[PDB]
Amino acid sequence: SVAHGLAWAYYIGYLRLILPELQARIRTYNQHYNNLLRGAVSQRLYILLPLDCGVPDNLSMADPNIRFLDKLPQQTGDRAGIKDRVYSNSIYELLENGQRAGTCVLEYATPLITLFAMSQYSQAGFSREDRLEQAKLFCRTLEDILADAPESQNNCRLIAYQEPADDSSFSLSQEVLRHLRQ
């Protein structure tokens, strides 16, 4: 199953590399730049999983109530496949009624980019119906991996959502805040 393999890949090649040092990076950020931020960023990593697999090039553009505010201090890879590689993470502002309502580290789950591209490419042999099914199966698989993984205990949060195609009322901002507020 492609989702099975992608979920494992996203854990083995990203999450288990980034999550162990995340809180420290955040705790650190909250010290050096507390006077600049005048706030605290939350300590979990929030992973957006849109099941329609639409991943915009700039999160800061997908909802106008989500603005980029800063990057986290960098981490350098000292491990197979990422030796001397530089990872950063972005911090975002969440707006409600034009005002900051929360601050968090936010990103889209990259394998969704792959699911979407496989549905667009002939050579992948992968239909739109294949895509939504595999996206749900990806999210369930990743949940199971995380629920029992040494690195992902209490520092990661999966935000899965399906855009009702009927209206444009849906708010990514509100969705994130729903999870945020606890």
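Each residue number is its position in the shown sequence, starting from 1.
- As recorded in the PDB entry, 56 to 64 is the stretch of 135 to 143 and 56 to 64 with the greater mean C-alpha temperature factor.
- Mean CA B-factor, 98 to 106 versus 72 to 80: the higher value falls on 72 to 80.
- If you compare the C-alpha temperature factors of 45, 124, 37, 48 in the entry, 37 comes out highest.
- In the deposited entry, the Cα temperature factor of residue 88 places it in the highest third of its chain's modelled residues.
- In the deposited entry, the Cα temperature factor of residue 29 places it in the middle third of its chain's modelled residues.
- Residue-level temperature factors show residue 3 in the lowest third of its chain, judged at the C-alpha atom.
- Remark: residue 11 belongs to the lowest third of its chain, ranked by C-alpha B-factor as recorded.
- Placement of the Cα temperature factor of residue 177 within the chain: lowest third of the modelled residues, per the deposited record.
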